[PDB]
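Protein chains in written order, with the authors' numbering: chain t, 1 to 47, 61 to 120; chain s, 3 to 97; chain w, 2 to 61; chain x, 3 to 71.
Remarks on the structure that follows.
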RNA sequence: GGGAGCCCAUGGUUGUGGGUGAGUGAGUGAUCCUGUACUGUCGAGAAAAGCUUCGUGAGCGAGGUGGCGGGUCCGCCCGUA
RNA sequence: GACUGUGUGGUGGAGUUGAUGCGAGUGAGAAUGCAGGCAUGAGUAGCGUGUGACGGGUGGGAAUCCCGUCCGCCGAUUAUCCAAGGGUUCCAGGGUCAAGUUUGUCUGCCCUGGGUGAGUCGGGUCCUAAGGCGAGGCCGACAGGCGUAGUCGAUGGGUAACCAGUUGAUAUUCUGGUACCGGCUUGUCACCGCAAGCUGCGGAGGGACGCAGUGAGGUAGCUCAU
RNA sequence: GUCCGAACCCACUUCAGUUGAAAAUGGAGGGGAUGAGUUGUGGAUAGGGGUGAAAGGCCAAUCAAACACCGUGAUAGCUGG
RNA sequence: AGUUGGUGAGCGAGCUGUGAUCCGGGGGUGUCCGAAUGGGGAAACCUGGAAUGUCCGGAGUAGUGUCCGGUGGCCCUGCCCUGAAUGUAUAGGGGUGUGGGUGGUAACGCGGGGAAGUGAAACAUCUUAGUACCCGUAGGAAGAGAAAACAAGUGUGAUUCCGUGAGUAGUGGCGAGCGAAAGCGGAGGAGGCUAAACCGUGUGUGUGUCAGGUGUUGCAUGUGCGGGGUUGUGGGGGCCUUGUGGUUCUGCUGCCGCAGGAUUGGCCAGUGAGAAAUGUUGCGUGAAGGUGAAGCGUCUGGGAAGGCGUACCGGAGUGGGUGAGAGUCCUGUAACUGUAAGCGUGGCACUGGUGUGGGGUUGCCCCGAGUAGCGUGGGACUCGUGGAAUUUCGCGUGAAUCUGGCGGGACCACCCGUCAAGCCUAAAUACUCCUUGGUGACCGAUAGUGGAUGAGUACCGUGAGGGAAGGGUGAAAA
Ligand SMILES: [Mg+2]
Ligand SMILES: [Mg+2]
Ligand SMILES: [Mg+2]
Ligand SMILES: [Mg+2]
Ligand SMILES: [Mg+2]
Ligand SMILES: [Mg+2]
Ligand SMILES: [Mg+2]
Ligand SMILES: [Mg+2]
Ligand SMILES: [Mg+2]
Ligand SMILES: [Mg+2]
Ligand SMILES: [Mg+2]
Ligand SMILES: [Mg+2]
Ligand SMILES: [Mg+2]
Ligand SMILES: [Mg+2]
Ligand SMILES: [Mg+2]
Ligand SMILES: [Mg+2]
Ligand SMILES: [Mg+2]
Ligand SMILES: [Mg+2]
Ligand SMILES: [Mg+2]
Ligand SMILES: [Mg+2]
Ligand SMILES: [Mg+2]
Ligand SMILES: [Mg+2]
Ligand SMILES: [Mg+2]
Ligand SMILES: [Mg+2]
Ligand SMILES: [Mg+2]
Ligand SMILES: [Mg+2]
Ligand SMILES: [Mg+2]
Ligand SMILES: [Mg+2]
Ligand SMILES: [Mg+2]
Ligand SMILES: [Mg+2]
Ligand SMILES: [Mg+2]
Ligand SMILES: [Mg+2]
Ligand SMILES: [Mg+2]
Ligand SMILES: [Mg+2]
Ligand SMILES: [Mg+2]
Ligand SMILES: [Mg+2]
Ligand SMILES: [Mg+2]
Ligand SMILES: [Mg+2]
Ligand SMILES: [Mg+2]
Ligand SMILES: [Mg+2]
Ligand SMILES: [Mg+2]
Ligand SMILES: [Mg+2]
Ligand SMILES: [Mg+2]
Ligand SMILES: [Mg+2]
Ligand SMILES: [Mg+2]
Ligand SMILES: [Mg+2]
Ligand SMILES: [Mg+2]
Ligand SMILES: [Mg+2]
Ligand SMILES: [Mg+2]
Ligand SMILES: [Mg+2]
Ligand SMILES: [Mg+2]
Ligand SMILES: [Mg+2]
Ligand SMILES: [Mg+2]
Ligand SMILES: [Mg+2]
Ligand SMILES: [Mg+2]
Ligand SMILES: [Mg+2]
Ligand SMILES: [Mg+2]
Ligand SMILES: [Mg+2]
Ligand SMILES: [Mg+2]
Ligand SMILES: [Mg+2]
Ligand SMILES: [Mg+2]
Ligand SMILES: [Mg+2]
Ligand SMILES: [Mg+2]
Ligand SMILES: [Mg+2]
Ligand SMILES: [Mg+2]
Ligand SMILES: [Mg+2]
Ligand SMILES: [Mg+2]
Ligand SMILES: [Mg+2]
Ligand SMILES: [Mg+2]
Ligand SMILES: [Mg+2]
Ligand SMILES: [Mg+2]
Ligand SMILES: [Mg+2]
Ligand SMILES: [Mg+2]
Ligand SMILES: [Mg+2]
Ligand SMILES: [Mg+2]
Ligand SMILES: [Mg+2]
Ligand SMILES: [Mg+2]
Ligand SMILES: [Mg+2]
Ligand SMILES: [Zn+2]
């Protein structure tokens with residue numbers, strides 16, 4: 001298994017559910033069952062006292078958003094291969110190939 | 003040969019309970035030991051660990067409790083515990 | 002015995018076939034004879050079939 | 003710290019001393035756990051992992067997987 | 001060592017420190033002990049080791065052991081409610 | 001006719017209608033049919049030998065729990081301790097859905113924690129019996145059968161400890177007092193020397209043995225007591 | 001392989017039970033009770049075989065051939081559906 | 001870029017990018033039981049090394065109790081010593097540790113043992129059926145296999161398997177039943193070794209052998225190793241006319257010839273069954289991965305994938321997810337790419353390792369023996385003892401050997417075919433405990449596995465063995 005296209009700290013826009021159009025930061029990701037937590041969207045109670066905080070929603074219900082010309086536009090992602098160097102646990106060097114994400118609709 | 007054997011591999015944990023604390027009045031300490039260790043080995047290990055003369059070592063085997071739960075009967079591990087009697091004033095600090 | 006120590010001749014299995022042809026299981030054992038042998042320099046008994054004994058495959 | 007592949011920069015006798023010290027630390031941790039101390043519970047597993055690492059290095063040296071210093 | 005009621009008191013269904021006093025005589029009497037004794041008896045009532053002693057078909061072993069009273073430490077595993 | 005509406009509601013929450021073909025695990029009331037659920041008998045029979053009464057307590061709740069006092073019962077056992085077997089039921093605290101032939105605050109039930117201490121007790125480390133297995137071996141088409149040397153196998157032989165005290169739960173085990181046995185080691189005295197000793201190996205002695213009966217000398221116990 | 005009679009072993013009569021307290025017992029009596037006695041532990045004999053002071057008795061609560069699995073969805077001119 | 005498995009959350013950590021968890025590959029550790037293997041044993045337990053310095057090495061103690069590691073099960077087999085009664089000698093004994101074995105396994109294979117119920121409307125031959133079961137024993141397949149074959153007048157040319165022939169010819173208490181082969185059509189397609197003559201090489205022993213030669217020159221038996229040889233209108237050996245790969249230039253036979261010889265050609269041939277088996281270089285990849293296209297706006301709704309409007313991608317519209325029915329939200333899919341690694345694997349080149357015959361002749365020599373046959377008692381063949389070939393087991397008897405043997409359904413003759421009694425052989429065929437991907441006018445919780453959950457569990461039985469039942473809140477525990 002690999003990771004998801006959405007990672008913690010990303011700024012995403014909600015495209016489905018009770019909070020369509022809401023824009024927030026990805027507070028946490030749960031890769032195993034593909035659910036993410038975005039700030040100030042799914043406010044419900046936990047447990061413990063009340064705890065009015067955010068509940069996870071499906072990762073397919075959010076989308077990475079970019080600011081092209083002053084308007085927020087939801088976009089998909091691609092990956093490009095760039096040459097990197099990785100360190101083996103002992104500390105040696107070797108040149109390897111790593112993927113870097115880019116947002117579409119902005120090249 | 004690999005796998006150096008330390009006397010602290012035999013002595014696992016001390017038994018803390020009302021009976022153990024009452025036995026502390028007699029310079030007596032109850033330890034949970036490795037279930038394959040004899041009295042002589044436990045005695046030597048305690049001496050080496052604590053720098054303490056040991057007069058007697060008494061051991062018992064205690065059966066683990068069996069409790070019926072969801073998923074049937076569960077059985078807690080068997081334990082052997084050594085009851086070590088210390089010389090008059092030597093004292094062992096278990097914290 | 003019914004097994005030859007030379008050539009490993011062993012019993013066969015077939016039928017008693019009466020006049021009424023009510024076939025019954027029966028055995029044909031080889032003619033095994035126990036004779037003294039001197040092999041290389043070893044004196045010992047061996048169960049030897051008469052066929053091997055006639056052929057001379059056994060040293061006495 | 004949790005020990006790593008720099009144990010390969012040590013010698014056999016001091017690696018064995020490391021084994022003994024780790025065993026003694028684990029002994030103390032187990033006693034603390036029995037007596038109700040030891041809030042730091044993760045060290046109780048990490049010390050055993052470190053012992054495993056030191057035995058790994060010793061056995062690779064003994065089996066000549068890695069040249070002995 | 002064990003063994004009753006007297007103590008400022010205790011603590012009031014409680015235990016502490018002192019307060020323990022006596023120890024014997026006779027009768028009776030075993031399925032126990034002497035005892036695998038003794039007597040009777042035919043149906044004629046395990047084995048092996050420990051043990052004592054005897055050598056040597058084996059090795060060890062040095063001129064070192066083996067004995068008798070005295071001192072120190074060691075004495076395992078399983079069961080134990 | 002099997003059945004049905006392209007009528008109209010209710011419940012419900014994700015599928016499915018008509019035409020025309022195609023394929024069937026395609027139709028149930030019976031098999032003393034199978035599985036589950038539920039009636040009938042019926043609030044009926046039974047509640048497994050028996051002696052309980054009362055005062056107080058606890059509690060939401062008491063004939064059925066606790067304490068006390070009367071009374072009754074067992075006592076060659078309704079007592080006490082083992083073996084076999086069981087396996088945590090033992091103790092303390094919390095609990096009253098279920099289980100307990102009723103109730104239940106109670107429990108051999110549930111939950112949590114705790115509890116079993118041995119050189120001498122009972123087994124192993126020692127010994128063999130019956131019997132089992134069995135190096136080689138002999139026998140048997142194969143599979144296998146038997147058995148030597150051996151090696152296991154108690155229900156037997158051998159084998160060194162007692163009294164007192166203590167815990168909510170352990171006690172020839174812990175503690176106190178006083179012993180014993182085997183090792184190791186040490187002090188001292190005496191003694192050896194083809195010819196010390198030790199260990200193996202066997203010889204012999206011993207272990208070592210029935211049933212029945214009487215008597216004698218004792219002690220345990222019991223009874224009585226100026 | 002005496003007599004009377006507890007334990008112990010048995011199971012003659014009777015009553016009760018007979019959806020039992022109990023898939024063979026209970027109450028009252030009854031036979032043996034030093035013997036061909038009874039009992040504990042371990043062991044041996046295995047299905048056309050074992051064992052039987054012999055009843056075709058017993059061999060894990062139904063034995064004129066145990067139980068389990070397999071041949072197997074045996075077969076049934078019969079009964080049911 | 002999260003992560004410390006699940007049933008089933010928060011602590012205390014590690015990763016805080018020093019890149020973890022995770023994924024592939026390879027190692028390390030691996031208690032005790034189990035073939036279980038030091039010895040014992042009621043599987044998962046117990047107990048050890050006669051006395052000496054202790055079984056050996058280490059740790060610990062004043063020392064013994066102790067600790068850690070190593071070692072030794074049995075059987076077969078190799079090598080060395082010894083050799084009983086006893087003489088040869090063997091058995092045996094003592095070393096050494098050379099190799100192999102033990103046990104497990106779902107189906108398929110081969111060899112052997114071998115029912116009954118059943119059917120025949122009873123039943124015994126027969127059937128069931130060589131089935132069930134059992135014993136031995138493999139391999140990735142096995143078995144078979146290179147004509148002692150078929151054919152019938154020409155011919156075919158190892159074996160296995162499939163379709164036909166054919167439910168035929170037959171067989172059968174001629175009952176119930178059973179049941180071929182040739183031929184033809186296909187799948188797949190190899191043929192190779194050996195024994196024997198004859199020639200080189202030692203021990204139960206010479207006295208006859210131009211350079212040479214001695215009572216022996218090298219003379220006589222029969223071994224173990226080399227060549228040689230392998231077939232059927234016969235072959236081979238022998239006897240000869242020739243031919244070996246160009247030679248440095250060694251002994252022998254005759255100063256002819258034969259053989260060893262050596263970098264070098266070499267037609268070739270190779271890791272195969274093929275009398276054999278040892279390094280470097282050329283391919284796409286499986287295990288992991290990498291890239292992977294293209295949609296918004298409104299409406300109703302708890303929620304849009306639905307409605308309405310309107311665009312896009314498509315080598316991608318197979319699916320499955322996402323709060324309801326998604327080609328463009330997610331996972332992917334198409335297409336392409338990477339594979340470092342593998343014991344990697346397959347194939348190529350190189351290294352490296354191994355190596356010719358044709359013609360004539362028949363005086364001679366060889367061509368697989370307790371075998372083939374024959375008798376007898378059984379079994380398999382369509383064939384159930386018969387007119388009984390062919391094939392097979394037990395017991396007797398017992399041949400020829402090329403002008404010979406065997407087969408062509410008794411047998412004989414001729415004719416045709418073939419050459420047994422030695423061995424090895426790929427492919428087409430059988431199977432799935434497993435691995436990966438995929439599929440279903442298959443099931444959908446009384447169904448489908450006994451088992452969607454603690455299922456071979458609970459539970460029942462002394463034991464072998466038998467053997468269940470229990471799925472669904474919601475979009476989110478809110
Ligand atoms: Mg890495
Ligand atoms: Mg990625
Ligand atoms: Mg004990
Ligand atoms: Mg557990
Ligand atoms: Mg038959
Ligand atoms: Mg003859
Ligand atoms: Mg008297
Ligand atoms: Mg006890
Ligand atoms: Mg007790
Ligand atoms: Mg239709
Ligand atoms: Mg139906
Ligand atoms: Mg119905
Ligand atoms: Mg019913
Ligand atoms: Mg009713
Ligand atoms: Mg009434
Ligand atoms: Mg009525
Ligand atoms: Mg009534
Ligand atoms: Mg009534
Ligand atoms: Mg009553
Ligand atoms: Mg009552
Ligand atoms: Mg009372
Ligand atoms: Mg009374
Ligand atoms: Mg009395
Ligand atoms: Mg117990
Ligand atoms: Mg409990
Ligand atoms: Mg219980
Ligand atoms: Mg209790
Ligand atoms: Mg009740
Ligand atoms: Mg209670
Ligand atoms: Mg209680
Ligand atoms: Mg012994
Ligand atoms: Mg015996
Ligand atoms: Mg044997
Ligand atoms: Mg012995
Ligand atoms: Mg024994
Ligand atoms: Mg008690
Ligand atoms: Mg006592
Ligand atoms: Mg004491
Ligand atoms: Mg004797
Ligand atoms: Mg005697
Ligand atoms: Mg009498
Ligand atoms: Mg009794
Ligand atoms: Mg009667
Ligand atoms: Mg009656
Ligand atoms: Mg009488
Ligand atoms: Mg038995
Ligand atoms: Mg009769
Ligand atoms: Mg019975
Ligand atoms: Mg019968
Ligand atoms: Mg059948
Ligand atoms: Mg039927
Ligand atoms: Mg009828
Ligand atoms: Mg790691
Ligand atoms: Mg073992
Ligand atoms: Mg064993
Ligand atoms: Mg071993
Ligand atoms: Mg020794
Ligand atoms: Mg094998
Ligand atoms: Mg029959
Ligand atoms: Mg019939
Ligand atoms: Mg019939
Ligand atoms: Mg083959
Ligand atoms: Mg050919
Ligand atoms: Mg063909
Ligand atoms: Mg040859
Ligand atoms: Mg995409
Ligand atoms: Mg839409
Ligand atoms: Mg031939
Ligand atoms: Mg013939
Ligand atoms: Mg015949
Ligand atoms: Mg036939
Ligand atoms: Mg014939
Ligand atoms: Mg003819
Ligand atoms: Mg073959
Ligand atoms: Mg089911
Ligand atoms: Mg349903
Ligand atoms: Mg159901
Ligand atoms: Mg059971
Ligand atoms: Zn023979």
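Built from N, CA and C at the ideal position, the CB exists for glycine as well.
Which of helix, strand or coil DSSP assigns to residue i
i: residue 27 of chain t; result: strand
i: residue 79 of chain s; result: coil
i: residue 99 of chain t; result: strand
i: residue 5 of chain s; result: coil
i: residue 45 of chain w; result: strand
i: residue 53 of chain w; result: helix
i: residue 60 of chain t; result: The model contains no atoms for residue 60 of chain t, which sits in the stretch where chain t goes from 47 to 61 directly.
Listed by chain order, chain t residues near residue i by CB distance under 7 Å
i: residue 54 of chain x; result: Under the 7 Å cutoff, chain t gives no residues; its nearest Cβ is about 15 Å from residue 54 of chain x.
Interface residues of chain t facing residue i [CB-CB closer than 8 Å]
i: residue 6 of chain x; result: 102
Interface residues of chain x facing residue i [CB-CB closer than 7 Å]
i: residue 8 of chain s; result: 22, 25
i: residue 45 of chain s; result: Here the premise fails: no neighbours, minimum Cβ distance about 17 Å.
Supposed close pair residue i, residue j - CB separation, criterion 8 Å
i: residue 38 of chain s; j: residue 17 of chain s; result: Going by Cβ atoms, the distance from residue 38 of chain s to residue 17 of chain s rounds to 18 Å, so no, they are not a contact pair.
i: residue 17 of chain x; j: residue 59 of chain x; result: 6 Å
i: residue 91 of chain t; j: residue 118 of chain t; result: Between residue 118 of chain t and residue 91 of chain t the Cβ distance is about 11 Å, and since that is not below 8 Å, they are no contact.
i: residue 78 of chain t; j: residue 13 of chain t; result: 4 Å
i: residue 88 of chain s; j: residue 94 of chain s; result: 6 Å
i: residue 13 of chain x; j: residue 71 of chain x; result: 6 Å
Where residue i meets chain x, residues with beta-carbon distance less than 8 Å
i: residue 26 of chain s; result: Under the 8 Å cutoff, chain x gives no residues; its nearest Cβ is about 13 Å from residue 26 of chain s.
Per-residue contacts from residue i into chain s (C-beta, under 8 Å)
i: residue 42 of chain x; result: Chain s residues near residue 42 of chain x: none, gap ~15 Å exceeds 8 Å.
Within chain x, partners of residue i - CB distance below 9 Å
i: residue 92 of chain s; result: The premise fails here: residue 92 of chain s is roughly 18 Å from chain x at the closest Cβ pair, so nothing lies under 9 Å.
Chain s residues whose Cβ lies nearer than 7 Å to that of residue i
i: residue 47 of chain x; result: Chain s residues near residue 47 of chain x: none, gap ~16 Å exceeds 7 Å.
Name the residues in the segment 25-37 of chain x whose C-beta lies less than 8 Å from a C-beta of chain s; which are they?
-> 25, 26, 28, 29, 32, 33, 34, 35, 36, 37
Looking at chain x, which residues of the segment 74-86 of chain s have a Cβ within less than 7 Å of any of its Cβ atoms?
-> none
For the segment 47-70 of chain s, enumerate the residues whose C-beta is nearer than 7 Å to any C-beta of chain x, in chain order.
-> none
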